[PDB]
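Visitor: Structure provided below as structure tokens; questions to follow.
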Amino acid sequence: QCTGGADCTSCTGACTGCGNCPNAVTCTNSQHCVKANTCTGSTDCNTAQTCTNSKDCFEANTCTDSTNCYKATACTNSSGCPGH
């Protein structure tokens, strides 16, 4: 269709397995959800409010299976969250 694989930087919707998006609001997985409202099993999460395996969950309230949870509330097996 447009977003499916490991390369986007083309569509302007939601990314689901690419690695590089333009102005998408969110992305499901991959590595390029920095300016997204919500990053799941991905990374770059400074604008979003949560993650599920992102290595940049700074402004995230929930982060499971991720690391570097700059100020988190719920953390189990993640890094940068309540524990360090």
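Residue numbering restarts at 1 in every chain; chains get A, B, ... in the order shown in the structure tokens, and ligands count up from 1 in that same order.
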Skipping near chain neighbours, those fewer than 3 positions away, what residues fall within 7 Å of residue 53 of chain A using only C-alpha atoms, listed as a list in words?

Guide: residues 40, 41, 42, 43, 63, 64, 65 and 66 of chain A

Visitor: Near residue 2 of chain A, within 9 Å and counting only C-alpha atoms, which residues show up once chain neighbours fewer than 3 positions away are dropped, as a ChimeraX atom specification?

Guide: /A:8,10-11

Visitor: Generate the output file for the selected residues, N, CA and C atoms, as a PDB file, in the first residue's frame.

Guide:
ATOM      1  N   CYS A   8       9.850   4.207   4.980  1.00  0.00           N
ATOM      2  CA  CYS A   8       8.674   5.027   4.709  1.00  0.00           C
ATOM      3  C   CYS A   8       9.075   6.362   4.074  1.00  0.00           C
ATOM      4  N   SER A  10       7.604   8.560   2.961  1.00  0.00           N
ATOM      5  CA  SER A  10       6.801   8.813   1.770  1.00  0.00           C
ATOM      6  C   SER A  10       5.378   9.215   2.143  1.00  0.00           C
ATOM      7  N   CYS A  11       4.696   8.346   2.885  1.00  0.00           N
ATOM      8  CA  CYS A  11       3.325   8.611   3.306  1.00  0.00           C
ATOM      9  C   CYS A  11       3.295   9.624   4.446  1.00  0.00           C
TER      10      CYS A  11
END

Visitor: Excluding residue 15 of chain A and residues on its chain fewer than 6 positions from it, collect all residues at most 10 Å away from it, counting only C-alpha atoms, and give them as a list in words.

Guide: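 Counting only C-alpha atoms, the residues come to residues 2, 3, 4, 5, 6, 7, 8, 9, 21, 22, 24, 25, 26, 27, 28, 29, 30, 31, 32, 33 and 36 of chain A.
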
Visitor: As number ranges by chain, please: every residue in segment 13-55 of chain A that DSSP puts in strand (DSSP E or B).

Guide: A: 15, 27, 39, 45, 50-51

Visitor: Find the spatial neighbours of residue 73 of chain A, counting only C-alpha atoms, within a cut-off of 12 Å - ignore same-chain residues fewer than 6 positions away - and output them as a PyMOL selection string.

Guide: chain A and resi 49-50+57-64+80-83

Visitor: Pick from A:45, A:39, A:34, A:51: nearest to residue 75 of chain A, with only C-alpha atoms counted?

Guide: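 Under the stated criterion, the closest residue is A:51.
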
Visitor: May I ask for the distance between atom CA of residue 68 of chain A and atom CA of residue 54 of chain A, given in Å to one decimal place?

Guide: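 Separation between atom CA of residue 68 of chain A and atom CA of residue 54 of chain A: 8.2 Å.
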
Visitor: What does the distance between atom CA of residue 84 of chain A and atom CA of residue 44 of chain A come to in Å, to one decimal place?

Guide: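 Answer for the atom CA of residue 84 of chain A to atom CA of residue 44 of chain A separation: 20.3 Å.
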